[PDB]
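A short write-up of the structure that comes next.
No hydrogens, no waters, no symmetry mates; every other heavy atom, side chains included, goes into these values. To find a chain, count down the sequence lines: A is the first, B the second, and so on, and within it residues start at 1.
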Amino acid sequence: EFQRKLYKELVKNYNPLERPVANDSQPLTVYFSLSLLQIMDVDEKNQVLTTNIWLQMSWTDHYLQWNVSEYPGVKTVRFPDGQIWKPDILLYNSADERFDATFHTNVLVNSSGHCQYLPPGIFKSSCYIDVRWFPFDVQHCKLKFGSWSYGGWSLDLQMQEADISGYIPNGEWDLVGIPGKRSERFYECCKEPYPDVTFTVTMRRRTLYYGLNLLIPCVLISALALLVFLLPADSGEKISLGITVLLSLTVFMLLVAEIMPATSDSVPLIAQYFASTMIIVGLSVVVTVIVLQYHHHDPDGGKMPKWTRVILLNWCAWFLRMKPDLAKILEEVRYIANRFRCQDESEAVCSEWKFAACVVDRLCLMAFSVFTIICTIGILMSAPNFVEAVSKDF
Amino acid sequence: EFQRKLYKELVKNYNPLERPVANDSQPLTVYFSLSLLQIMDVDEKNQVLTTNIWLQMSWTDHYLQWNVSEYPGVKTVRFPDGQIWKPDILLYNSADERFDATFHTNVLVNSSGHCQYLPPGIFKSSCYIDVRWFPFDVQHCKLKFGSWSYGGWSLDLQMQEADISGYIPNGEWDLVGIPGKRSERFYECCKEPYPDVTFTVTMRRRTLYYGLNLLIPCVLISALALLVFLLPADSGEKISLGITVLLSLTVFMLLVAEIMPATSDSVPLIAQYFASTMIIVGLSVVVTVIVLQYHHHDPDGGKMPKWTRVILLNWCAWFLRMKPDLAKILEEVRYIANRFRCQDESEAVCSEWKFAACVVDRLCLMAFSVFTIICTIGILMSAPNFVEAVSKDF
Amino acid sequence: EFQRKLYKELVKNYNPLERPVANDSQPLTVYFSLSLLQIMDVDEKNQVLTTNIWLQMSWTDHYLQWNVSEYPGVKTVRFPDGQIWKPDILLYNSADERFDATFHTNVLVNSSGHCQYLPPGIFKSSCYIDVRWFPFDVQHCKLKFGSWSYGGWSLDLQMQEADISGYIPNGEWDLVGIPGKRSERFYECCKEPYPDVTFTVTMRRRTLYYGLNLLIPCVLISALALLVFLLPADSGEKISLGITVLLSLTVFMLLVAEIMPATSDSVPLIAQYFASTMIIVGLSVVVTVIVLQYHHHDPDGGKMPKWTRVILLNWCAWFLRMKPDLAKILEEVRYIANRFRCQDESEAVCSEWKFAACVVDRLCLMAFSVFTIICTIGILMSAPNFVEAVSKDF
Amino acid sequence: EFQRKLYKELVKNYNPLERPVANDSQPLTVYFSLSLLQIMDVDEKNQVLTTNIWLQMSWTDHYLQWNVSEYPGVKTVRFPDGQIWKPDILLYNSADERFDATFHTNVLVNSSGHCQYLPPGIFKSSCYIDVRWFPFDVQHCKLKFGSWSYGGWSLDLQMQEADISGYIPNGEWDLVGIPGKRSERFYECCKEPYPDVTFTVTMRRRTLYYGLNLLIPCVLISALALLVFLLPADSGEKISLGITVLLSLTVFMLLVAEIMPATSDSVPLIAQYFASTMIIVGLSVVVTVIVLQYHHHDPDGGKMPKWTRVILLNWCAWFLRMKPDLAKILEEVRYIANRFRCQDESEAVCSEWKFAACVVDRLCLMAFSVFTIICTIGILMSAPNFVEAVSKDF
Amino acid sequence: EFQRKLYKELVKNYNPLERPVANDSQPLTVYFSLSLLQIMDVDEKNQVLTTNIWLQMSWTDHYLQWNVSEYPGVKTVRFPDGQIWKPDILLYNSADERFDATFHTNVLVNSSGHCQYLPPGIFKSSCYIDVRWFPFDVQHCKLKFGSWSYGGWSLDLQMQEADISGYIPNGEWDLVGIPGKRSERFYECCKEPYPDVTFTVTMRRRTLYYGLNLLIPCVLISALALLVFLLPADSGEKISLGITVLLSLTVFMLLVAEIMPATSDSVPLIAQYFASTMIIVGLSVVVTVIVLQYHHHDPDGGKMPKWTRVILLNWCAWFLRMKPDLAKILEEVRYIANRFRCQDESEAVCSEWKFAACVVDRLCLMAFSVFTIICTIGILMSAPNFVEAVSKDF
Ligand SMILES: NS(=O)(=O)c1ccc2c(c1)[C@H]1C=CC[C@H]1[C@@H](c1ccc(Br)cc1)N2
Ligand SMILES: [Ca+2]
Ligand SMILES: [Ca+2]
């Protein structure tokens, strides 16, 4: 009875094109906020943030007022899209192919004319994703909202603190906060200023998954490259191991290229770490070729230089704690014995070249072990958020 | 005749904006339920559940009533979207880019004013997918439904048990149940409580496919890594086999990373199993380098330590059940025979180092076989649903 | 003139909400059929069938009738969506994100009131895809159509044989038939039965492409694994070949996993075939390790057991048709000659162990060749449609 | 003034449901054509053609006529969708999920009632893509247009030559032509014929990119397989090279499978070329195993058959232009010299087996070089468009 | 009060179909411009540019004028889509499946009748992407805008300089400029000219990411191929290293094929660079086979040709700075000594062939190092933008 009479009365002469102010010279105050339900996806490669959000817009409609004593039991009415005036607030940095992603719900109006409007949506927003410290990164994504066609002389947009009480945590991103800021900017289109409300989502990447799939495996595979310096040269498998480990490390290189955006702003931390590991494994292969040159050195070729025999066989080795008929028969027997003596001298020269290969192999093991530790620790601990990451995620 | 007259009469003054209650102070009772037709997809990486569902909403429209004696043969009428008042029930945790995925069908009304509305849809809902026990996991996905703009003072939302009579089984997921719960929550937006109806789909993953593509292949490939400890050192192929098996096991590592969500909540069971298998294969390569160091040990270098010759060549070996002219001619002939004697001593020292490599190789085979069995069985049987999985799926 | 007058007359008091029957107590007869133009896609992994179809719905509108003598030259009229009553027939097992995929075209009405309505669409339907016999599989996909809101008391849905006269063959699927069945089911929603018309598309997979990309390559690569048993042990490349062939066969394993649905209903035929080939190649590697143990057997170690020397060197080999100063000088010369004699005995023992490796290698070649043929032929010919496939596709 | 009066007058009693003919018995003539702007994509795997096209439809509206002298300055008017009668022309073989992809623009009408309507769109059409001669293929894709609900008794559809003056060339496809054909077909739905206009896009694939990424790399990698026949057997790397080259050639095999449709109509040219190259590389590995059997042949085993020593060591080799105390001391010295003589005989038998391996290796190099050239040239030049391709693209 | 009266007055007799000119014979002037907010994506493979743009259209509506003194405080009004006449300006080279991607916002009108309309959108436009100099490329993408149905006699389209003041830089593309050009073209459809406004986005690719993921890794891996010429032949690992490096370089080849469009207009710079590196690595493998032929040369076979012993062992080597009872006993002892002498001659011939392999190996190292440097530097510096790229990006 009374609900049916109130709806009929309220729409008499109501024009949804009219900004509902009693005084046309005064701007209308609109309070804007949001509730963050969930961070659905962070697309680093496309530089897009997907969120599940409830916008909250409240204002006063001067015309949608009634005396509740004359309509007993009718405290609120509801209006769908296009039947009541609404603010045209949009996300400026929308990345959605439709631009506007809001699902239009009802406007709730109470007897004094206060209007609530809480449309939900899955919002896709353009966000600069800084991968300088990936995977120990903190991202600051901005959601910029404003009335598209109403400047500050017509619509006084005010801000209210974002709601996070219903937020559902993402397994990958720790929410730090969503502070808001209300600004008033001039655009070359228009002489009137246009206020906006910008919410910045400060989120922190949880690093367990990337430690498991990116960091740890690289550490262990680099460790196996160091085994080349232990494999005896006579196994004939030194090169196989080294080059095979290097060719497997490109799998992680190509993995990183697929996830990171193709930007030139900085070299990502993970890229530095992987590039430095692969360069150390590449240099180990170079060193292995030199070690094989000494082990297979032709005895009848050159002679161990003086500097080789002192630097390696003396200094480095110490430091490493390594350390008539009867006359014819005589002529033939003496030839056979001298041939053996000559072979003994040649094999003693070969043994000296093989010792040099072992020493260089032993010196390189230690040197390359030190380079790996320093590079690994130095690169990883340069990240401002590394200590916090290991504390919370491991 | 009568159908045409009833439709004309029913819409006289009908306002689709009006909640159809006789008494405006009383809330309207709405019964909500669903029929689950099919679980279409579970996206673990995006944390989304796709379902084919028929929502069921029933209420009473006070105005859509008629005397069937005055309209003989007209027991029901039908109204499309926007011509009859409807409840604005939505899925709160929708992940669909349009948010609302319901296909709007007719409302069926009978002569006493009871309204049925059974809109179908393909629903995408945000679901926390716990991969702690993957692939022996049980997921609990929630579908939360509620009126968006009508609080409990206007719309009394009641629940009815979900229908599963037309459910078509998914080859990958066994449906355990879909219990519902009716709650009444307060939101900071509004002083009025808002009831919701939450259906939790309890589903169990069928594990045959993952046993075939993930578990079994890992077991067999780990088994082939143990063959290194049987390959004679003189084949010159020990390292090739080991490192090749390790480099193939990253294929499964990268396979798992592609399917699992990048979350830091827990280390998945499958990750533990694969990480522990690869670490055992990596340690086997380390042990192989030590075995090759003993087999290729230079006889003129150090001497088998005392502890090496007792621990290995005695204890472990037992346990493993392994076990003037004529004078010149004399001088030259004696040199040739002593050179042979010296070679015999050196090769007997080399044979002793080769036996040590064999023993260490034999001890490591047994030890690594035991580590594989224990790790494999221990990790797999820690899953609460492992026994049930093998009973039903294998 | 007359076309303009007929349209004006026909819509006078026409209500598109009214089921167009003269007698409101009688159900309306609707004839339903379809024309299958093309099978666009079969998504085995998502279990979805995409088709290009023209629905055909015909009924009688009691009100859309006229005397053609009073409107000379006007034999038919046309009405778009929402201006004429239409049946609300939907595909029940739609997999489309919009659910309803029909493109709404005109309804054609002739002077006696017979209405034709032939809306086209690209339909996505949920279909159980049985991969038990893949790639020699026959699929039966169901298209279930019915009025959503009109039960059998209001709408008498009848079936007509599907049209295939304009069907364009798919290169991958041979159409067997599209029989239809008209049923009448009860639903817990409603006390009234709801008739449906189900068209089952029986399609047969053409197997040339999969024979070329899956079967043939597996056969040939398995054949190359058998070459290990021919490679002399002294080449030092037996393990490289075997393990390399095994590591390449996982490419096909991972290929199959990507195309097949992750279901636990059955082990696909192709999975059996590939799993059995890889297991045979894996066992060949195991056998190769045993062959290398005999070839590299230390002569001073154990002695060929009695059972080894009879089973292999005798039986299997036959079957395989394999088959004072002068005294000191004497003491030194005799030592040199006895050392040679001892070496000859040791190398004759080594030659006997190498012959055993060759025999075991020759016995294993034949045995593994037989296992490959039996497994390959036995698995492939277990498929009920294998004979037909080779007849028609190869 | 006059524009405002003309629009008001023109819509008085205008019914957009009415086919705008003065005489209702006569069909309306509609001229149909298109402008091809760009070939956007050819999806061979999904068998879909995407084009950017401007449809052109012109007819006469009997009612939209005016005297320009009474409306000075008003030569044309414009009407949007749904306000003026339009032809319902659709693409029959649309592959778009929405079916109709036309963006509805204005209809332009001039004072004599001639109507122009030029709606643009991105059209996706089902096209049989014949991959028999890929990548030297010429495709003929059909765009079939017709009125959906107006047969030839109501709508006389006529054709006009397609416009290509604004066509932008695709880097991958050379446009040969777009001839049109106007037909009149009967459908089982309807006793009336329905005319259609079919435009066939004849396009030719430009082959530089595929020559660079598919053909050339296969040629060079096959060439490297022939190097096995030059590698000395004593390098111990013959098998590594051959099997490694074969395992890399599956990369191109799997590349081709990903781009080609999974059809059984024919074996694509590129598949023949790659399959024949891999089979030649596979046979080279088989031949390498036989060459290693001769090189490692045990001297104490069988004896070079008579046919082996003539066919290879004589004929093929020529063609290839290859080519008391003192008595005891005597007994021991004579044993040492006879042992050397026996070793010399055995190594001379081994040298003869090694020469056979070299000859077979040299004969196989030439034979396999000839098979590669013949197969490569023979397969590639069987394509009717190969000569034109190399002329225009290389 | 006054806002409500103005809206009611303004729509009295307003026809949105009417071009709002006072004089129907005169064309309406429309000013068109845009603001470029962000370059979202450049799809080289699909040849599509995605941008976030605000179109700016301004004109004068003769009818939407009022005296502000009679409506105090009402300086502007707003109208949504379909209520006010608007220009139908579209992007001609749209690649969006919907064609028109504009999100329709309000039109702002002030008291003198000046209309502003600034609709935003995510625009996808077809763009020829020239990959001749990739990754040192500069792209010129065109955005062509024009009224679809209003020719130059009705709509006088004028241009204004594009706004870039709010442009947000892309990490991958440096914006050079967005100049505009206003043209007037004739189309075969129509005798009237149709003006357009074309904005050309000149953008430059930032090359740090591609230098890191494409160029640098290729340089280093090619460098490791040169190590083969240092590995002693007796290591038995020369072929493994070379062929393994070649088989890894196809990873980058296949990477490039995936990103580049499949066009035949030119061979991309990156393709030249990678193809030339792989050909040099392939030739190194060929040279390695020749080096192994000399190292393993049978001493009893042919004799080092005269030209081989001078060109290599003399010239190249210098340049490279390489450098009764007693009678029987005599007969047997002399046989043993002559056999040793003969072996010494054979091994001295073998040492001469091994020296030739070393020299050829040393000459090839230098030659191949020079080819790598020349090819690398020559190809990279042929790009007109290479110098600028290294200056700004590295
Ligand atoms: N995708 S691409 O950048 O155009 C590209 C990159 C590298 C590359 C090609 C294409 C092919 C085109 C010509 C050589 C051929 C290939 C190759 C294969 C084997 C050997 Br041995 C040598 C060279 N090298
Ligand atoms: Ca799943
Ligand atoms: Ca193509």
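Of all heavy-atom pairs between D:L224 and E:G282, the closest is CD2-O, 4.1 Å. Shortest non-hydrogen contact noted between E:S240 and D:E237 is N-OE2, 2.9 Å. In plain terms, the two heavy atoms of E:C189 and D:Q116 that are nearest each other are O-OE1, 3.3 Å. The two residues E:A257 and D:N213 come nearest to each other via the heavy atoms CB-OD1, 3.3 Å. Closest approach of D:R98 and E:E97 over heavy atoms only: NH2-O, 2.9 Å. Residues D:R78 and E:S154 share a closest heavy-atom pair of NH2-OG, 3.9 Å.
How far OG1 of D:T76 is from CZ of E:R19: 8.0 Å, rounded to the nearest 0.5 Å. Separation of atoms OH (E:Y150) and CG (D:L108) is listed at 9.5 Å; rounding is to 0.5 Å. With rounding to the nearest 0.5 angstrom, the OG atom of D:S35 is 7.5 Å from the CD atom of E:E188. Between D:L330 atom CG and E:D325 atom CG the span is 5.5 Å, to the nearest 0.5 Å. Here E:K45 contributes atom NZ and D:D41 contributes atom CG; the two are 10.5 Å apart, rounded to the nearest 0.5 Å. Atom OG1 of D:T105 and atom CZ of E:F99 lie 9.0 Å apart (nearest 0.5 Å).
Of the charged side-chain nitrogens involved, at least one lies within less than 4.0 Å of a carboxylate oxygen, so that E:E332 and D:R341 count as a salt-bridged pair. D:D344 has a carboxylate O that lies under 4.0 Å from a charged side-chain N of E:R339, or vice versa, which qualifies the two as a salt bridge. Under a 4.0 Å N-O distance rule, the pair D:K354/E:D298 does not qualify as a salt bridge.
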- Task: Let me see the working for D:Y209 and E:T263 under side chain to side chain contact (heavy atoms under 4.5 Å, CB included), right down to the final yes or no.
- Result: CA-CA 6 Å; D:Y209 173 90; E:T263 59; over 6 Å; no

- Worked check of side chain to side chain contact (heavy atoms under 4.5 Å, CB included) between D:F103 and E:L90: CA-CA 11 Å; D:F103 176 75; E:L90 301 178; 3.6 Å; yes

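Within 6.0 Å of CD on D:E161 lie no more than 12 heavy atoms contributed by other residues, nucleotides or ligands. More than 12 heavy atoms of other shown residues, nucleotides or ligands fall within 6.0 angstrom of atom CG in E:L254. No more than 12 heavy-atom neighbours from other residues, nucleotides or ligands sit within 6.0 angstrom of NZ on E:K191.
Using a 4.5 Å cut-off on side-chain heavy atoms (C-beta onward), D:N106 and E:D88 make contact. Side-chain contact between D:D163 and E:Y187 is absent, with no heavy-atom pair separated by less than 4.5 Å. Within the 4.5 Å cutoff, the side chain of E:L17 has heavy atoms near those of the D:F79 side chain. Between E:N13 and D:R4, some side-chain heavy-atom pair lies under the 4.5 Å cut-off. Put simply, the side chain of E:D265 reaches to within 4.5 Å of the side chain of D:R206, judged on heavy atoms. Considering only heavy atoms from C-beta on, D:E172 stays 4.5 Å or farther from E:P261 through its side chain.
The parts of D:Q3 that come within reach of chain E are both its backbone and its side chain, each placing non-hydrogen atoms under 4.5 angstrom from that chain. Looking at E:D96, the atoms closer than 4.5 Å to chain D (heavy atoms on both sides) all sit in the backbone: N, CA, C or O. There is no contact between D:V107 and chain E, counting heavy-atom distances below 4.5 Å. Residue D:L326 touches chain E through both its backbone and its side chain, counting heavy-atom pairs closer than 4.5 Å. For D:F355, no part sits under 4.5 Å from any heavy atom of chain E, backbone or side chain. Proximity to chain E is limited to the side chain of D:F252, based on heavy atoms less than 4.5 angstrom apart. Heavy atoms closer than 4.5 Å to chain D are found in the side chain of E:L247, but not in its backbone. Heavy atoms of E:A95 lying under 4.5 Å from chain D belong to its backbone as well as its side chain. When heavy atoms are compared at a cutoff of 4.5 Å, D:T244 approaches chain E by way of both its backbone and its side chain. Proximity to chain E (any heavy atom under 4.5 Å) is shown, for D:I216, by neither the backbone nor the side chain. Interface remark: E:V48 contributes no atoms to any contact with chain D (heavy atom separation under 4.5 Å). Residue contact with chain D, scored on non-hydrogen atoms closer than 4.5 Å, is absent for E:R185. In this structure, chain D has no heavy atom under 4.5 Å from any part of E:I290.
With hydrogens and angles ignored, the 3.5 Å screen pairs a side-chain donor or acceptor of E:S264 with a backbone N or O of D:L208. Side-chain atoms of E:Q293 come within 3.5 Å of backbone atoms of D:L230 as a donor-acceptor pair (strictly under, hydrogens ignored). Between the side chain of E:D24 and the backbone N or O of D:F2 there is at least one donor-acceptor pair closer than 3.5 Å.
Among the candidates E:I239, E:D100, E:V289, the residue making the largest number of heavy-atom pairs closer than 4.5 Å to chain D is E:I239. Ranking E:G236, E:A262, E:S149, E:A275 against chain D, the residue ahead of the rest is E:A262, based on heavy-atom pairs under 4.5 Å. Between chain E and the options D:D393, D:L118, D:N52, the largest number of non-hydrogen pairs under 4.5 Å is found for D:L118. The most heavy-atom pairs under 4.5 Å with chain D, out of E:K328, E:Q47, E:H296, E:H62, come from E:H296. The residue among D:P217, D:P120, D:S351, D:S33 with the most heavy atom pairs within less than 4.5 Å of chain E is D:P120. Most heavy-atom pairs under 4.5 Å with chain D: of the set E:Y63, E:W153, E:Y128, E:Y14, this distinction falls to E:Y63. For chain D, the option among E:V286, E:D300, E:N23, E:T250 with the highest count of heavy-atom pairs below 4.5 Å is E:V286. Counting heavy-atom pairs under 4.5 Å between each of E:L292, E:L246, E:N15, E:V285 and chain D puts E:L292 at the top.
Ring pair D:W54/E:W148 is perpendicular by interplanar angle, where above 60° counts as perpendicular and below 30° as parallel.
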